[PDB]
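Chemist: I have a structure I would like to understand better, so I am pasting it below and will then ask my questions one at a time.
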Amino acid sequence: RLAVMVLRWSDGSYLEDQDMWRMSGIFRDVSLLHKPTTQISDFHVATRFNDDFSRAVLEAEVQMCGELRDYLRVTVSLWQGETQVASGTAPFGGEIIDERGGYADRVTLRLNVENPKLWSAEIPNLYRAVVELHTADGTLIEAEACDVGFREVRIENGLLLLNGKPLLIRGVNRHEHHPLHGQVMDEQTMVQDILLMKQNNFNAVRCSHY
Amino acid sequence: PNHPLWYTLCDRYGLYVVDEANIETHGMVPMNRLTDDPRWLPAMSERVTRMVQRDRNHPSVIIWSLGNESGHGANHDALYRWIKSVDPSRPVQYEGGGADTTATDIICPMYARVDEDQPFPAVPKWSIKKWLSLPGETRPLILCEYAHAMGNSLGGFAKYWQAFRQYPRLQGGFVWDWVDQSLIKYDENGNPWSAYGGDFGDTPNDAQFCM
Ligand SMILES: CC(C)S[C@@H]1O[C@H](CO)[C@H](O)[C@H](O)[C@H]1O
Ligand SMILES: CC(C)S[C@@H]1O[C@H](CO)[C@H](O)[C@H](O)[C@H]1O
Ligand SMILES: [Mg+2]
Ligand SMILES: [Mg+2]
Ligand code: NA
Ligand code: NA
């Protein structure tokens, strides 16, 4: 049995004065997650490109919790549909960062990707990255994953560029609001909004204000 | 360069002066055919250097100009640097080649409009408000020529001043121009009349465009 005492007002309320209905309660999902003792505790995916974006390097930093063992390995594989495009495997032990060494509980995988299909609102090309924590012999301990979009965002010479091109933001601010359920969101309503947005030529949304 | 007394009067009566080298090759095709030719650097150099040596002590002169309508040539960059080196007390400006080349400290377009762009190939005349904020641009903008006062004109003059007052980096301009270049001719009875291009048998000519 779980017991949850939810307070409507708290010192946190001083930082939540957004122009919207003030409500309270357990308004988002609640779930139970089972992770092995030796686990992937965090992972970051980055994508760098050459000058014309015809080449890319996917860099994935992975962190683990649990006992460090020489037999532990992490394999990051990148997929485009059912086709594996790249893969990298390595034992834990990051490079030296300071006088006391490096992160023995971390490892960074770097995968080369030639002529990557670029992600944008115009064409949301996506790859799938699978992060496998396993033994050298190939026994899977656990796997996490995420959708990967190859794109570079940067401000150069006063212009906001996406994959080297200046964007024109056709955006709209969107609160999480439902006339019957309040601030509880559901997939159906989210999809409805996105479809309507794109159908009305919007290519960007701001998470006003959280 | 003007008659020497002009600077004396401007020093004493109080007027800011843009002293300009006697260099204009408007009729060439392309306009910079001579100014980008090293064979003409010597001739151009004297028109710039000798002007500076003559008028550098006049307080009324606040800006040096490399000349007018001669496109943008390597000779302009060389002479631009010469002035910056010998007299760092005065900014250097030049409109040729697009009004914002490497040979000018001031964006000094001629007849660039307030809100309307004129996207001419190679040498566009952007709306002055838009010109100031083009990626990487940080220079002040002062029109070397604007509001062409030919005959019944100056329509829209107020639009320029409203913009000048609203935009810090829009710092004015020089109206074109002060006085009609008409000449006196006389009829059979000796009565004078104002004449323009072509009235002296001169041809080809560009008629009333001198007024
Ligand atoms: C009418 C388009 C903006 S829809 C657009 O076309 C793209 C290909 O050009 C991709 O198929 C995108 O997934 C699709 O949403
Ligand atoms: C006639 C245009 C093509 S050029 C235009 O002619 C004007 C005539 O008053 C002035 O001389 C301007 O300075 C010149 O750029
Ligand atoms: Mg507010
Ligand atoms: Mg290549
Ligand atoms: Na101004
Ligand atoms: Na004229």
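Heads up, the Cβs are rebuilt from the backbone with ideal geometry, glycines too, and the neighbour counts pull from every protein chain shown. Coordinate-derived values only; no laboratory data.
Chemist: Between the stretch A:86-101 and the stretch B:83-148, what's the alpha-carbon centroid distance in Å?
Modeler: The distance from the Cα centre of the stretch A:86-101 to that of the stretch B:83-148 comes to 54 Å.
Chemist: For B:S65, B:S127, which order do you get if you count the other beta carbons within 10 Å of each Cβ and list the fewest first? Don't skip to the answer; put the middle values down first.
Modeler: Details: B:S65 22, B:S127 15.
Placing the least packed residue first, the sequence is B:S127, B:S65.
Chemist: Tell me, which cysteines of chain B are without a disulfide-compatible partner by the Cβ under 4.7 Å rule?
Modeler: B:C10, B:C210
Chemist: Next up: How big is the charge dipole of chain A about its Cα centre, in debye rounded to the nearest 20, if each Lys and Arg gets +1 on its Cβ and each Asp and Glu gets -1 on its Cβ?
Modeler: For chain A, the charge dipole is close to 500 debye.
Chemist: Which number gives the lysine pairs in chain B that have C-alpha atoms under 30 Å apart and are eight or more places apart or on different chains?
Modeler: Within chain B, the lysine pair count is 6.
Chemist: Shifting gears a bit: With a cut-off of at most 16 other beta carbons within 10 Å, and DSSP calling the residue loop, which GluC sites (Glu not before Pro) in the stretch B:80-178 qualify? Please list them.
Modeler: Filter output for the stretch B:80-178: B:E116, B:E137.
Chemist: Is there a simple number for the mean count of other chain Cβ atoms within 10 Å of the Cβ of residues in A:154-166, and what is it?
Modeler: Mean partner shielding for this stretch: 1.
Chemist: Can you compute the modelled spin-label distance between A:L7 and A:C65, with each label point 7 Å from Cα toward Cβ, in nm?
Modeler: Result for the modelled spin labels: 2.5 nm.
Chemist: Report, in debye and to the nearest 20, how large the dipole of the protein assembly as shown comes out about its Cα centre when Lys and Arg carry +1 and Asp and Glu carry -1 on their Cβ. Numbers along the way, then the final one.
Modeler: Numbers: 40 positive and 56 negative charges, 105 e Å.
In total the dipole reaches around 500 debye.
Chemist: While we're here: How high is the FRET efficiency between A:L195 and A:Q18 when r is their beta carbon distance and R₀ equals 35 Å, given to the nearest 0.05?
Modeler: Numbers: r = 26 Å, r/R0 = 0.73.
That gives a FRET efficiency of 0.85.
Chemist: Who wins for biggest fluctuation among B:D117, B:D180, B:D100 in a Gaussian network model of chain B, springs between alpha carbons below 10 Å?
Modeler: Comparing B:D117, B:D180, B:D100 in a Gaussian network model of chain B, the most mobile one is B:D180.
Chemist: Please give the FRET efficiency for B:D87 paired with B:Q162, using the beta carbon to beta carbon distance and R0 = 25 Å, rounded to the nearest 0.05.
Modeler: 0.10
Chemist: A further question on this structure: Determine the shape class of the stretch A:1-128: with a ≥ b ≥ c the square roots of the Cα gyration tensor eigenvalues, call it rounded for a/c under 1.5, and otherwise prolate if a/b is greater than b/c, oblate otherwise.
Modeler: Numbers: a/c = 2.15, a/b = 1.42, b/c = 1.52.
It comes out oblate by the Cα gyration axes.
Chemist: Right, another one. Can you bin the stretch A:67-169 into rounded, prolate or oblate? Criterion: square roots of the alpha carbon gyration tensor eigenvalues sorted a ≥ b ≥ c, rounded for a/c under 1.5, prolate for a/b above b/c, oblate for the rest.
Modeler: oblate
Chemist: Spin-label point model (7 Å from Cα, Cβ direction): what's the A:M185 to B:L183 distance in nm?
Modeler: If labels sit at A:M185 and B:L183, their model points lie 8.0 nm apart.
Chemist: If you take the charge dipole of the stretch A:116-179 about its Cα centre, with +1 on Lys and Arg Cβ and -1 on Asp and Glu Cβ, which of A:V131, A:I141, A:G171 is farthest toward its positive end?
Modeler: Working it through, the farthest residue towards the positive pole turns out to be A:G171.
Chemist: In what sequence do A:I169, B:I184 fall when counting other Cβ within 10 Å, fewest first?
Modeler: Values: A:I169 12, B:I184 8.
Fewest to most other Cβ atoms nearby, the residues stand as B:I184, A:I169.
Chemist: A further question on this structure: Among the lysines, select those whose C-alpha is under 19 Å from the C-alpha of A:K165, and discard any that sit fewer than 8 residues away in the same chain.
Modeler: A:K117
Chemist: Something else about it: Using mean Cβ contacts within 10 Å as the protection proxy, how do B:85-93, A:157-165, B:32-40 order, highest first?
Modeler: Packing order, densest peptide first, comes out as B:32-40, B:85-93, A:157-165.
Chemist: Using a 10 Å cut-off on Cβ to Cβ distances, tally the other chain neighbours for every residue of B:135-143 and report the average as a whole number.
Modeler: Averaged over the peptide's residues, the number is 1.
Chemist: Taking the beta-carbon count within 10 Å as an exposure proxy, list B:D206, A:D137 from fewest neighbours to most.
Modeler: Result, fewest neighbours first: A:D137, B:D206.
Chemist: To the nearest 20 debye, what charge dipole does chain B have about its Cα centre, counting +1 at the Cβ of each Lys and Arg and -1 at the Cβ of each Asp and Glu? Could you put the intermediate results ahead of the total?
Modeler: Numbers: 19 positive and 26 negative charges, 175 e Å.
For this selection, approximately 840 debye.
Chemist: Here's another thing I want to ask about it. Could you work out [θ]222 nm for chain A from helices alone, using -39500 (n - 2.57) per DSSP H run of at least four and dividing by all its residues? Round to the nearest 500 deg cm²/dmol.
Modeler: -2000 deg cm²/dmol
Chemist: Next question. Any idea how far the Cα center of the stretch A:37-67 sits from the one of the stretch B:1-37, in Å?
Modeler: The stretch A:37-67 and the stretch B:1-37 have Cα centres spaced 63 Å from each other.
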